[PDB]
file entry.pdb (PDB, C-alpha atoms)
ATOM      1  CA  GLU A   1       9.788  94.407 -35.512
ATOM      2  CA  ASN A   2      10.277  95.717 -31.944
ATOM      3  CA  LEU A   3       6.725  96.624 -31.484
ATOM      4  CA  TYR A   4       6.952  96.278 -27.709
ATOM      5  CA  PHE A   5       9.878  98.627 -27.227
ATOM      6  CA  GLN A   6       7.505 101.355 -26.070
ATOM      7  CA  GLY A   7      10.009 104.222 -25.865
ATOM      8  CA  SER A   8       8.614 106.763 -23.369
ATOM      9  CA  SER A   9       5.058 105.296 -23.409
ATOM     10  CA  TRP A  10       5.084 101.944 -21.648
ATOM     11  CA  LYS A  11       1.647 100.601 -20.743
ATOM     12  CA  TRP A  12       0.685  97.560 -18.716
ATOM     13  CA  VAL A  13      -2.152  95.511 -17.333
ATOM     14  CA  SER A  14      -1.658  93.835 -13.927
ATOM     15  CA  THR A  15      -3.168  90.654 -12.640
ATOM     16  CA  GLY A  16      -4.349  90.371  -9.087
ATOM     17  CA  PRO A  17      -1.992  88.714  -6.630
ATOM     18  CA  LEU A  18      -0.829  85.387  -7.978
ATOM     19  CA  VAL A  19       1.490  83.869  -5.349
ATOM     20  CA  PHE A  20       0.993  83.941  -1.584
ATOM     21  CA  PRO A  21       3.000  82.442   1.251
ATOM     22  CA  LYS A  22       1.920  78.937   2.175
ATOM     23  CA  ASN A  23      -0.063  78.312   5.310
ATOM     24  CA  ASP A  24       2.701  76.115   6.758
ATOM     25  CA  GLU A  25       4.974  76.103   9.809
ATOM     26  CA  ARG A  26       7.565  78.359   8.220
ATOM     27  CA  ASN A  27       5.095  81.228   8.773
ATOM     28  CA  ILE A  28       6.421  83.222   5.829
ATOM     29  CA  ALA A  29       5.077  86.800   5.719
ATOM     30  CA  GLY A  30       6.038  87.806   2.139
ATOM     31  CA  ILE A  31       6.921  86.177  -1.154
ATOM     32  CA  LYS A  32       9.347  88.469  -2.843
ATOM     33  CA  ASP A  33      11.725  89.357  -5.641
ATOM     34  CA  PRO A  34      11.021  86.797  -8.373
ATOM     35  CA  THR A  35      13.226  85.624 -11.227
ATOM     36  CA  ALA A  36      11.609  83.474 -13.907
ATOM     37  CA  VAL A  37      12.026  81.682 -17.197
ATOM     38  CA  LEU A  38       9.520  80.012 -19.503
ATOM     39  CA  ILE A  39      10.673  76.735 -21.103
ATOM     40  CA  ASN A  40       8.377  74.560 -23.232
ATOM     41  CA  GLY A  41       5.242  75.940 -21.614
ATOM     42  CA  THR A  42       6.471  75.670 -18.024
ATOM     43  CA  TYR A  43       7.232  78.732 -15.900
ATOM     44  CA  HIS A  44      10.133  78.252 -13.517
ATOM     45  CA  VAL A  45      10.244  80.767 -10.666
ATOM     46  CA  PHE A  46      12.716  81.472  -7.872
ATOM     47  CA  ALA A  47      11.641  83.890  -5.145
ATOM     48  CA  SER A  48      12.575  84.888  -1.614
ATOM     49  CA  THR A  49      10.693  84.110   1.525
ATOM     50  CA  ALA A  50      10.605  86.947   4.033
ATOM     51  CA  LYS A  51       9.617  87.089   7.683
ATOM     52  CA  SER A  52      10.971  88.936  10.693
ATOM     53  CA  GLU A  53      13.228  85.934  11.404
ATOM     54  CA  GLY A  54      14.992  86.080   8.073
ATOM     55  CA  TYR A  55      15.262  85.419   4.357
ATOM     56  CA  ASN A  56      15.685  82.322   2.298
ATOM     57  CA  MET A  57      14.460  81.172  -1.177
ATOM     58  CA  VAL A  58      11.975  78.943  -2.922
ATOM     59  CA  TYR A  59      11.643  77.342  -6.314
ATOM     60  CA  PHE A  60       8.333  76.467  -7.953
ATOM     61  CA  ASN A  61       6.895  75.858 -11.402
ATOM     62  CA  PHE A  62       3.505  76.046 -13.088
ATOM     63  CA  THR A  63       1.922  76.224 -16.524
ATOM     64  CA  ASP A  64      -0.952  78.597 -15.808
ATOM     65  CA  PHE A  65      -0.657  81.903 -13.960
ATOM     66  CA  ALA A  66      -4.051  81.390 -12.341
ATOM     67  CA  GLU A  67      -2.795  78.120 -10.828
ATOM     68  CA  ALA A  68       0.600  79.457  -9.669
ATOM     69  CA  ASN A  69      -0.717  79.878  -6.114
ATOM     70  CA  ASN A  70      -1.288  76.127  -5.977
ATOM     71  CA  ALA A  71       2.234  75.250  -7.046
ATOM     72  CA  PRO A  72       4.152  73.409  -4.316
ATOM     73  CA  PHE A  73       7.190  75.273  -3.047
ATOM     74  CA  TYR A  74      10.582  73.655  -2.923
ATOM     75  CA  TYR A  75      12.269  75.426   0.008
ATOM     76  CA  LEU A  76      15.824  75.735  -1.191
ATOM     77  CA  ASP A  77      17.304  75.390   2.316
ATOM     78  CA  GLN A  78      16.659  71.655   1.695
ATOM     79  CA  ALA A  79      19.235  71.731  -1.117
ATOM     80  CA  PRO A  80      22.982  72.179  -0.459
ATOM     81  CA  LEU A  81      22.156  75.895  -1.037
ATOM     82  CA  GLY A  82      21.030  75.458   2.535
ATOM     83  CA  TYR A  83      19.941  77.293   5.627
ATOM     84  CA  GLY A  84      21.131  80.801   6.277
ATOM     85  CA  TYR A  85      20.497  84.206   4.798
ATOM     86  CA  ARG A  86      19.888  84.181   1.060
ATOM     87  CA  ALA A  87      17.784  86.627  -0.917
ATOM     88  CA  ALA A  88      16.994  88.219  -4.267
ATOM     89  CA  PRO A  89      17.850  85.676  -6.957
ATOM     90  CA  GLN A  90      18.402  85.985 -10.723
ATOM     91  CA  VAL A  91      18.411  82.768 -12.808
ATOM     92  CA  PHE A  92      19.990  82.156 -16.211
ATOM     93  CA  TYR A  93      21.638  79.378 -18.233
ATOM     94  CA  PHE A  94      25.345  79.851 -18.660
ATOM     95  CA  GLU A  95      25.573  77.969 -21.967
ATOM     96  CA  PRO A  96      29.364  77.509 -22.071
ATOM     97  CA  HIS A  97      29.172  75.470 -18.776
ATOM     98  CA  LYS A  98      25.860  73.768 -19.476
ATOM     99  CA  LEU A  99      24.820  74.986 -16.021
ATOM    100  CA  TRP A 100      22.031  77.117 -14.657
ATOM    101  CA  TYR A 101      23.377  79.865 -12.372
ATOM    102  CA  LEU A 102      21.321  81.342  -9.554
ATOM    103  CA  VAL A 103      22.883  84.682  -8.615
ATOM    104  CA  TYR A 104      21.775  86.147  -5.277
ATOM    105  CA  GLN A 105      22.982  87.788  -2.083
ATOM    106  CA  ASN A 106      24.134  86.137   1.120
ATOM    107  CA  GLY A 107      26.016  89.055   2.611
ATOM    108  CA  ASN A 108      28.221  89.019  -0.552
ATOM    109  CA  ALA A 109      27.463  88.519  -4.201
ATOM    110  CA  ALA A 110      26.864  84.799  -4.450
ATOM    111  CA  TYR A 111      25.975  82.091  -6.922
ATOM    112  CA  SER A 112      24.840  78.476  -6.976
ATOM    113  CA  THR A 113      24.728  76.127  -9.973
ATOM    114  CA  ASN A 114      22.575  73.247 -11.220
ATOM    115  CA  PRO A 115      22.636  71.364 -14.509
ATOM    116  CA  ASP A 116      18.852  70.836 -14.433
ATOM    117  CA  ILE A 117      16.386  73.560 -13.512
ATOM    118  CA  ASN A 118      13.756  70.901 -12.873
ATOM    119  CA  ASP A 119      15.826  69.378 -10.019
ATOM    120  CA  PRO A 120      15.736  71.957  -7.205
ATOM    121  CA  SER A 121      17.330  69.637  -4.621
ATOM    122  CA  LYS A 122      20.673  69.899  -6.504
ATOM    123  CA  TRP A 123      21.412  73.626  -6.170
ATOM    124  CA  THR A 124      24.937  74.019  -4.766
ATOM    125  CA  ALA A 125      26.024  75.685  -1.520
ATOM    126  CA  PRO A 126      26.890  79.344  -2.215
ATOM    127  CA  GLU A 127      30.189  80.515  -3.652
ATOM    128  CA  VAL A 128      31.026  84.211  -3.861
ATOM    129  CA  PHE A 129      32.080  86.464  -6.730
ATOM    130  CA  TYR A 130      34.388  88.517  -4.466
ATOM    131  CA  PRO A 131      36.555  85.981  -2.587
ATOM    132  CA  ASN A 132      38.037  88.548  -0.159
ATOM    133  CA  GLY A 133      34.722  90.118   0.825
ATOM    134  CA  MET A 134      33.009  93.434   0.249
ATOM    135  CA  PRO A 135      35.011  95.583  -2.199
ATOM    136  CA  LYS A 136      36.668  98.710  -0.863
ATOM    137  CA  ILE A 137      34.657 101.058  -3.089
ATOM    138  CA  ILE A 138      31.386  99.615  -1.783
ATOM    139  CA  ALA A 139      32.575  99.696   1.893
ATOM    140  CA  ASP A 140      33.675 103.307   1.371
ATOM    141  CA  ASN A 141      30.352 104.477  -0.099
ATOM    142  CA  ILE A 142      27.689 102.284   1.566
ATOM    143  CA  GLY A 143      27.046 104.556   4.553
ATOM    144  CA  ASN A 144      24.080 103.124   6.428
ATOM    145  CA  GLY A 145      22.991 101.017   3.454
ATOM    146  CA  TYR A 146      23.248  97.359   2.554
ATOM    147  CA  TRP A 147      25.011  95.633  -0.340
ATOM    148  CA  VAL A 148      22.162  94.022  -2.262
ATOM    149  CA  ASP A 149      20.536  93.030  -5.541
ATOM    150  CA  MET A 150      23.075  91.248  -7.679
ATOM    151  CA  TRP A 151      22.655  91.042 -11.462
ATOM    152  CA  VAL A 152      24.810  89.372 -14.115
ATOM    153  CA  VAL A 153      24.649  90.122 -17.824
ATOM    154  CA  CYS A 154      27.114  89.046 -20.497
ATOM    155  CA  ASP A 155      27.717  90.570 -23.935
ATOM    156  CA  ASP A 156      27.559  88.359 -27.026
ATOM    157  CA  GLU A 157      31.035  89.129 -28.450
ATOM    158  CA  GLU A 158      32.376  86.333 -30.616
ATOM    159  CA  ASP A 159      35.628  85.848 -28.783
ATOM    160  CA  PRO A 160      34.998  84.372 -25.243
ATOM    161  CA  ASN A 161      38.485  85.128 -24.175
ATOM    162  CA  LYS A 162      37.471  88.818 -24.693
ATOM    163  CA  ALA A 163      33.571  88.988 -24.226
ATOM    164  CA  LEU A 164      32.630  90.547 -20.888
ATOM    165  CA  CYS A 165      30.378  89.368 -18.050
ATOM    166  CA  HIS A 166      29.184  92.231 -15.842
ATOM    167  CA  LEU A 167      27.961  92.034 -12.260
ATOM    168  CA  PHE A 168      25.816  94.938 -11.050
ATOM    169  CA  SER A 169      24.841  95.639  -7.462
ATOM    170  CA  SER A 170      23.352  98.364  -5.257
ATOM    171  CA  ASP A 171      24.045  99.712  -1.756
ATOM    172  CA  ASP A 172      20.710 101.244  -0.699
ATOM    173  CA  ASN A 173      22.747 104.443  -0.579
ATOM    174  CA  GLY A 174      22.269 105.899  -4.026
ATOM    175  CA  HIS A 175      24.953 103.989  -5.982
ATOM    176  CA  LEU A 176      24.881 101.414  -8.756
ATOM    177  CA  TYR A 177      28.088  99.393  -9.045
ATOM    178  CA  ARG A 178      29.493  97.254 -11.861
ATOM    179  CA  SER A 179      32.324  94.711 -12.034
ATOM    180  CA  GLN A 180      33.416  92.602 -14.990
ATOM    181  CA  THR A 181      35.291  89.493 -15.997
ATOM    182  CA  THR A 182      35.687  87.651 -19.300
ATOM    183  CA  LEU A 183      33.287  84.966 -20.467
ATOM    184  CA  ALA A 184      36.248  82.511 -20.415
ATOM    185  CA  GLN A 185      36.918  83.258 -16.718
ATOM    186  CA  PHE A 186      33.312  83.515 -15.437
ATOM    187  CA  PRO A 187      32.441  83.167 -12.576
ATOM    188  CA  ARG A 188      36.025  83.943 -11.535
ATOM    189  CA  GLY A 189      37.946  87.184 -11.869
ATOM    190  CA  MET A 190      35.319  89.895 -11.171
ATOM    191  CA  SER A 191      37.108  93.231 -11.108
ATOM    192  CA  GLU A 192      36.923  95.929  -8.430
ATOM    193  CA  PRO A 193      33.552  97.579  -8.956
ATOM    194  CA  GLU A 194      33.088 100.998 -10.499
ATOM    195  CA  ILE A 195      30.215 103.346  -9.677
ATOM    196  CA  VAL A 196      28.285 103.560 -12.940
ATOM    197  CA  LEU A 197      25.351 105.724 -11.772
ATOM    198  CA  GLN A 198      24.636 107.618  -8.598
ATOM    199  CA  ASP A 199      22.006 109.936  -7.131
ATOM    200  CA  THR A 200      23.555 111.165  -3.912
ATOM    201  CA  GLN A 201      21.008 113.926  -3.286
ATOM    202  CA  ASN A 202      18.038 111.555  -3.425
ATOM    203  CA  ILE A 203      19.218 107.997  -2.846
ATOM    204  CA  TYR A 204      15.682 106.732  -3.353
ATOM    205  CA  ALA A 205      15.791 107.730  -7.010
ATOM    206  CA  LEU A 206      18.382 104.981  -7.651
ATOM    207  CA  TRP A 207      17.442 102.609  -4.896
ATOM    208  CA  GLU A 208      18.028  98.999  -5.886
ATOM    209  CA  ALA A 209      16.750  96.039  -7.884
ATOM    210  CA  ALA A 210      18.571  96.770 -11.118
ATOM    211  CA  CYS A 211      17.928  94.759 -14.268
ATOM    212  CA  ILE A 212      20.062  95.030 -17.400
ATOM    213  CA  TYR A 213      18.663  93.392 -20.552
ATOM    214  CA  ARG A 214      19.753  93.080 -24.147
ATOM    215  CA  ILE A 215      17.096  93.987 -26.688
ATOM    216  CA  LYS A 216      17.236  91.350 -29.425
ATOM    217  CA  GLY A 217      18.102  92.771 -32.854
ATOM    218  CA  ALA A 218      18.863  96.248 -31.522
ATOM    219  CA  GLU A 219      22.275  97.297 -32.751
ATOM    220  CA  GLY A 220      22.501 100.972 -31.788
ATOM    221  CA  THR A 221      21.547 103.340 -28.988
ATOM    222  CA  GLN A 222      18.837 101.162 -27.495
ATOM    223  CA  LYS A 223      20.728  97.867 -27.523
ATOM    224  CA  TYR A 224      20.621  97.685 -23.702
ATOM    225  CA  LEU A 225      17.808  98.467 -21.261
ATOM    226  CA  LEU A 226      18.537  99.360 -17.615
ATOM    227  CA  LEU A 227      15.731  99.226 -15.033
ATOM    228  CA  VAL A 228      16.221 100.511 -11.464
ATOM    229  CA  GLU A 229      13.679 100.717  -8.687
ATOM    230  CA  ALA A 230      12.856 104.050  -7.164
ATOM    231  CA  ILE A 231      10.722 105.050  -4.161
ATOM    232  CA  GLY A 232       8.426 107.915  -4.883
ATOM    233  CA  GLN A 233       5.585 109.693  -3.236
ATOM    234  CA  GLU A 234       4.004 107.931  -0.315
ATOM    235  CA  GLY A 235       6.638 105.247  -0.560
ATOM    236  CA  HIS A 236       5.247 103.893  -3.853
ATOM    237  CA  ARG A 237       7.811 101.743  -5.678
ATOM    238  CA  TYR A 238       8.270 102.154  -9.423
ATOM    239  CA  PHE A 239      10.868 101.375 -12.077
ATOM    240  CA  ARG A 240      12.946 103.949 -13.916
ATOM    241  CA  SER A 241      14.520 103.065 -17.238
ATOM    242  CA  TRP A 242      17.549 104.034 -19.300
ATOM    243  CA  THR A 243      19.141 102.789 -22.506
ATOM    244  CA  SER A 244      22.656 102.446 -23.814
ATOM    245  CA  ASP A 245      24.634 101.117 -26.728
ATOM    246  CA  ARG A 246      26.671  98.826 -24.448
ATOM    247  CA  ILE A 247      26.555  97.329 -20.934
ATOM    248  CA  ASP A 248      29.433  99.533 -19.659
ATOM    249  CA  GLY A 249      28.534 102.710 -21.504
ATOM    250  CA  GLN A 250      26.591 105.879 -21.060
ATOM    251  CA  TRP A 251      23.036 105.380 -19.811
ATOM    252  CA  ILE A 252      20.452 107.846 -21.121
ATOM    253  CA  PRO A 253      17.037 108.117 -19.429
ATOM    254  CA  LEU A 254      14.177 106.460 -21.289
ATOM    255  CA  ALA A 255      11.059 106.590 -19.052
ATOM    256  CA  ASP A 256      12.479 107.621 -15.699
ATOM    257  CA  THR A 257       9.916 109.649 -13.715
ATOM    258  CA  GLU A 258       7.180 108.683 -11.306
ATOM    259  CA  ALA A 259       4.601 110.244 -13.635
ATOM    260  CA  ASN A 260       6.059 108.372 -16.612
ATOM    261  CA  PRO A 261       7.907 105.362 -15.331
ATOM    262  CA  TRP A 262       8.950 102.167 -17.062
ATOM    263  CA  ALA A 263       6.399 100.500 -14.752
ATOM    264  CA  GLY A 264       4.587 102.024 -11.829
ATOM    265  CA  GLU A 265       1.172 103.032 -10.481
ATOM    266  CA  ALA A 266       0.994 105.706 -13.206
ATOM    267  CA  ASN A 267       1.001 103.325 -16.184
ATOM    268  CA  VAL A 268      -0.284 100.023 -14.835
ATOM    269  CA  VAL A 269      -3.982  99.299 -15.177
ATOM    270  CA  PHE A 270      -5.439  96.881 -12.694
ATOM    271  CA  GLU A 271      -8.164  95.564 -14.948
ATOM    272  CA  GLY A 272      -9.315  93.254 -12.164
ATOM    273  CA  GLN A 273      -8.350  93.227  -8.524
ATOM    274  CA  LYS A 274      -6.414  96.410  -7.449
ATOM    275  CA  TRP A 275      -4.145  95.319  -4.602
ATOM    276  CA  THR A 276      -0.888  97.310  -4.655
ATOM    277  CA  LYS A 277       0.338 100.810  -5.452
ATOM    278  CA  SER A 278       3.925  99.552  -5.666
ATOM    279  CA  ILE A 279       5.508  97.738  -8.598
ATOM    280  CA  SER A 280       8.647  96.388  -6.892
ATOM    281  CA  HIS A 281      11.699  94.182  -7.379
ATOM    282  CA  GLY A 282      10.461  92.527 -10.540
ATOM    283  CA  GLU A 283      11.928  90.640 -13.467
ATOM    284  CA  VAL A 284      10.921  89.941 -17.041
ATOM    285  CA  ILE A 285       9.959  86.315 -17.662
ATOM    286  CA  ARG A 286      12.577  85.167 -20.140
ATOM    287  CA  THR A 287      12.276  82.597 -22.969
ATOM    288  CA  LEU A 288      15.810  83.312 -24.207
ATOM    289  CA  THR A 289      17.328  81.920 -21.059
ATOM    290  CA  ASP A 290      21.074  82.272 -21.570
ATOM    291  CA  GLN A 291      23.645  84.592 -19.987
ATOM    292  CA  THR A 292      23.056  87.407 -22.438
ATOM    293  CA  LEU A 293      19.718  88.283 -20.714
ATOM    294  CA  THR A 294      18.108  88.899 -24.096
ATOM    295  CA  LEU A 295      14.477  89.995 -24.550
ATOM    296  CA  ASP A 296      12.526  89.534 -27.786
ATOM    297  CA  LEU A 297      10.474  92.708 -28.076
ATOM    298  CA  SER A 298       8.438  91.418 -30.942
ATOM    299  CA  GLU A 299       6.483  89.828 -28.060
ATOM    300  CA  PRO A 300       4.834  91.483 -25.043
ATOM    301  CA  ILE A 301       6.934  91.636 -21.910
ATOM    302  CA  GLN A 302       5.663  89.794 -18.877
ATOM    303  CA  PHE A 303       7.182  91.231 -15.707
ATOM    304  CA  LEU A 304       6.664  89.290 -12.488
ATOM    305  CA  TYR A 305       6.862  91.640  -9.485
ATOM    306  CA  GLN A 306       6.243  91.983  -5.754
ATOM    307  CA  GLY A 307       3.290  94.083  -4.572
ATOM    308  CA  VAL A 308       1.759  94.768  -1.211
ATOM    309  CA  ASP A 309      -1.421  96.191   0.254
ATOM    310  CA  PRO A 310      -0.654  99.930   0.626
ATOM    311  CA  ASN A 311      -2.399  99.909   3.999
ATOM    312  CA  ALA A 312      -0.286  97.156   5.558
ATOM    313  CA  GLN A 313       1.335  98.316   8.813
ATOM    314  CA  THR A 314       4.065  95.861   9.821
ATOM    315  CA  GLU A 315       7.776  95.605  10.461
ATOM    316  CA  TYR A 316       9.476  95.789   7.106
ATOM    317  CA  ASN A 317      10.445  92.131   6.834
ATOM    318  CA  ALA A 318       6.923  91.113   7.890
ATOM    319  CA  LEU A 319       5.243  93.016   5.031
ATOM    320  CA  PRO A 320       2.687  90.863   3.222
ATOM    321  CA  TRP A 321       4.301  90.960  -0.232
ATOM    322  CA  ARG A 322       2.723  88.823  -2.916
ATOM    323  CA  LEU A 323       3.842  88.134  -6.517
ATOM    324  CA  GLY A 324       1.870  89.528  -9.411
ATOM    325  CA  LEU A 325       2.236  89.937 -13.171
ATOM    326  CA  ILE A 326       2.166  92.909 -15.537
ATOM    327  CA  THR A 327       1.846  92.270 -19.274
ATOM    328  CA  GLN A 328       2.083  94.702 -22.182
TER     329      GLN A 328
END

call {"tool": "encode", "arguments": {"input": "entry.pdb", "output": "structure tokens"}}
result
Amino acid sequence: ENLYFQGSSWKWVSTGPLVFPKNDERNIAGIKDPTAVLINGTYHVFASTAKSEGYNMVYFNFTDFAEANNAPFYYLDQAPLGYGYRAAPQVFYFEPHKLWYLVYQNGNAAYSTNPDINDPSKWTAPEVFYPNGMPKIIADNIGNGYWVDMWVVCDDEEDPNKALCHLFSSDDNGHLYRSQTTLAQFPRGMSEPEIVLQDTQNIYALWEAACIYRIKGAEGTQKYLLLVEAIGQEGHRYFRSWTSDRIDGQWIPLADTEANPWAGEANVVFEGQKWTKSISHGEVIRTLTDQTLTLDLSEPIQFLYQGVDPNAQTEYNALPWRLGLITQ
């Protein structure tokens, strides 16, 4: 059954920090915002590198979490993906094209493709979901924010000419946006976004880093799980959660408070090294790797996340973020 759909009582154990920047000439300050899949015993991770100079991305793989820190990084600026600003990836296999997509931000909502996740040198130069630039609704409501944190999820409707692919994004100004196109058209044809949730009075309650997952075998009110990062007390990052019966439906809070979050300081036990009070910008490690973003909740979720020493005092892009893991 769905023994790991934990309702309003999610509980986790965190590892210590698992992935650090390399001591190399790139002088990366933080490793951030992971996306990951597990295929035949190998974990494939994409993450962002952060320093005051800028953002770009890395790929690495490993078989053992305790050895992840020794995995060589492929710096994706060596692929056609290239130099420039790129951040905050999401990886999935778009089965109808037999291509992996890496969805990320480069100033717009962007994607690269690759037929083989094991060949990081082949990731394409970015192409954008919104060919004319930032949508009007986002430009009109962004204020002093930033258009960030792109997420695709597709429904599993039989007819591809009708099944929808949704692209979510945030503005660091209290809005969550959603566009759609058909499976047949994807990646082309994303509609003008709609605001699907907003918290204008406290923008930090609906900050960024959305994830939308299908729960395998769930056919009713909890078919879809929405996670959004919030900033609480003392700047501690945590995830709020909601559920819905469809991707473009009515979200109902699940575990959505700082005291009872989906994942946060309140419900994460550091059984070993205790190194962060923030559970930030994370993703579930997926074994069902296709564009439906399906989780099998007969098995414990593993959520790879960015954490940071709460006492670090740096410029924001120089924060010493490291990757860690929470497991149910």

call {"tool": "atom_distance", "arguments": {"input": "entry.pdb", "atom1": "atom CA of residue 136 of chain A", "atom2": "atom CA of residue 182 of chain A"}}
result
21.5 Å

call {"tool": "atom_distance", "arguments": {"input": "entry.pdb", "atom1": "atom CA of residue 55 of chain A", "atom2": "atom CA of residue 152 of chain A"}}
result
21.2 Å

call {"tool": "residues_around", "arguments": {"input": "entry.pdb", "residues": "segment 18-30 of chain A", "least_positions_apart": "3", "cutoff": "7 Å", "atoms": "only C-alpha atoms", "output": "list in words"}}
result
residues 49, 50, 51, 65, 66, 68, 69, 318, 319, 320, 321, 322, 323 and 324 of chain A

call {"tool": "resolve_selection", "arguments": {"input": "entry.pdb", "expression": "the PyMOL selection byres ((chain A and resi 241) around 8)", "output": "PyMOL selection string"}}
result
chain A and resi 225-228+239-240+242-243+253-256+261-262

call {"tool": "axis_aligned_box", "arguments": {"input": "entry.pdb", "around": "segment 184-203 of chain A", "padding_each_side": "3 Å", "output": "AutoDock Vina command-line options"}}
result
--center_x 28.0 --center_y 98.2 --center_z -11.6 --size_x 25.9 --size_y 37.4 --size_z 23.6

call {"tool": "closest_atom_pairs", "arguments": {"input": "entry.pdb", "of": "segment 141-195 of chain A", "to": "segment 87-102 of chain A", "cutoff": "10 Å", "atoms": "only C-alpha atoms", "output": "tab-separated table"}}
result
residue	atom	partner	partner_atom	distance
A:148	CA	A:88	CA	8.0
A:149	CA	A:88	CA	6.1
A:150	CA	A:88	CA	7.6
A:151	CA	A:90	CA	6.6
A:152	CA	A:90	CA	8.0
A:153	CA	A:92	CA	9.4
A:154	CA	A:94	CA	9.5
A:160	CA	A:96	CA	9.4
A:183	CA	A:96	CA	8.6
A:184	CA	A:96	CA	8.7
A:186	CA	A:94	CA	9.3
A:187	CA	A:101	CA	9.6

call {"tool": "closest_residue", "arguments": {"input": "entry.pdb", "among": "A:104, A:132, A:310, A:126", "to": "residue 147 of chain A", "atoms": "all atoms listed in the file"}}
result
A:104

call {"tool": "closest_residue", "arguments": {"input": "entry.pdb", "among": "A:195, A:139, A:117, A:164", "to": "residue 36 of chain A", "atoms": "all atoms listed in the file"}}
result
A:117

call {"tool": "closest_residue", "arguments": {"input": "entry.pdb", "among": "A:167, A:189, A:62, A:245", "to": "residue 118 of chain A", "atoms": "only C-alpha atoms"}}
result
A:62

call {"tool": "closest_residue", "arguments": {"input": "entry.pdb", "among": "A:16, A:72, A:193, A:174", "to": "residue 275 of chain A", "atoms": "all atoms listed in the file"}}
result
A:16

call {"tool": "atom_distance", "arguments": {"input": "entry.pdb", "atom1": "atom CA of residue 105 of chain A", "atom2": "atom CA of residue 185 of chain A"}}
result
20.7 Å

call {"tool": "closest_residue", "arguments": {"input": "entry.pdb", "among": "A:176, A:259, A:268, A:190", "to": "residue 208 of chain A", "atoms": "all atoms listed in the file"}}
result
A:176

call {"tool": "closest_residue", "arguments": {"input": "entry.pdb", "among": "A:299, A:221, A:216, A:236", "to": "residue 251 of chain A", "atoms": "all atoms listed in the file"}}
result
A:221

call {"tool": "residues_around", "arguments": {"input": "entry.pdb", "residues": "residue 155 of chain A", "least_positions_apart": "6", "cutoff": "12 Å", "atoms": "only C-alpha atoms", "output": "ChimeraX atom specification"}}
result
/A:162-167,180-183,212-216,223-224,245-248,290-294

call {"tool": "write_last_selection", "arguments": {"input": "entry.pdb", "atoms": "C-alpha atoms", "output": "mmCIF file, in the frame of the given file"}}
result
data_model
loop_
_atom_site.group_PDB
_atom_site.id
_atom_site.type_symbol
_atom_site.label_atom_id
_atom_site.label_comp_id
_atom_site.auth_asym_id
_atom_site.auth_seq_id
_atom_site.Cartn_x
_atom_site.Cartn_y
_atom_site.Cartn_z
ATOM 1 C CA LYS A 162 37.471 88.818 -24.693
ATOM 2 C CA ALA A 163 33.571 88.988 -24.226
ATOM 3 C CA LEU A 164 32.630 90.547 -20.888
ATOM 4 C CA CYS A 165 30.378 89.368 -18.050
ATOM 5 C CA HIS A 166 29.184 92.231 -15.842
ATOM 6 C CA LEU A 167 27.961 92.034 -12.260
ATOM 7 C CA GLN A 180 33.416 92.602 -14.990
ATOM 8 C CA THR A 181 35.291 89.493 -15.997
ATOM 9 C CA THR A 182 35.687 87.651 -19.300
ATOM 10 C CA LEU A 183 33.287 84.966 -20.467
ATOM 11 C CA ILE A 212 20.062 95.030 -17.400
ATOM 12 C CA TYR A 213 18.663 93.392 -20.552
ATOM 13 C CA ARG A 214 19.753 93.080 -24.147
ATOM 14 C CA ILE A 215 17.096 93.987 -26.688
ATOM 15 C CA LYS A 216 17.236 91.350 -29.425
ATOM 16 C CA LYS A 223 20.728 97.867 -27.523
ATOM 17 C CA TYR A 224 20.621 97.685 -23.702
ATOM 18 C CA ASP A 245 24.634 101.117 -26.728
ATOM 19 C CA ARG A 246 26.671 98.826 -24.448
ATOM 20 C CA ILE A 247 26.555 97.329 -20.934
ATOM 21 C CA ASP A 248 29.433 99.533 -19.659
ATOM 22 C CA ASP A 290 21.074 82.272 -21.570
ATOM 23 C CA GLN A 291 23.645 84.592 -19.987
ATOM 24 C CA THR A 292 23.056 87.407 -22.438
ATOM 25 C CA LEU A 293 19.718 88.283 -20.714
ATOM 26 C CA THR A 294 18.108 88.899 -24.096
#

call {"tool": "residues_near_point", "arguments": {"input": "entry.pdb", "point": "(-1.3, 98.6, -18.0)", "cutoff": "9 Å", "atoms": "only C-alpha atoms", "output": "count of residues only"}}
result
15

call {"tool": "residues_around", "arguments": {"input": "entry.pdb", "residues": "residue 133 of chain A", "least_positions_apart": "4", "cutoff": "9 Å", "atoms": "all atoms listed in the file", "output": "PyMOL selection string"}}
result
chain A and resi 107-109+128-129

call {"tool": "resolve_selection", "arguments": {"input": "entry.pdb", "expression": "the PyMOL selection byres ((chain A and resi 170-173) around 8)", "output": "VMD selection string"}}
result
chain A and resid 138 141 to 150 168 to 169 174 to 177 200 203 to 204 207 to 210

call {"tool": "residues_around", "arguments": {"input": "entry.pdb", "residues": "residue 80 of chain A", "least_positions_apart": "2", "cutoff": "9 Å", "atoms": "only C-alpha atoms", "output": "PyMOL selection string"}}
result
chain A and resi 76-78+82-83+121-126
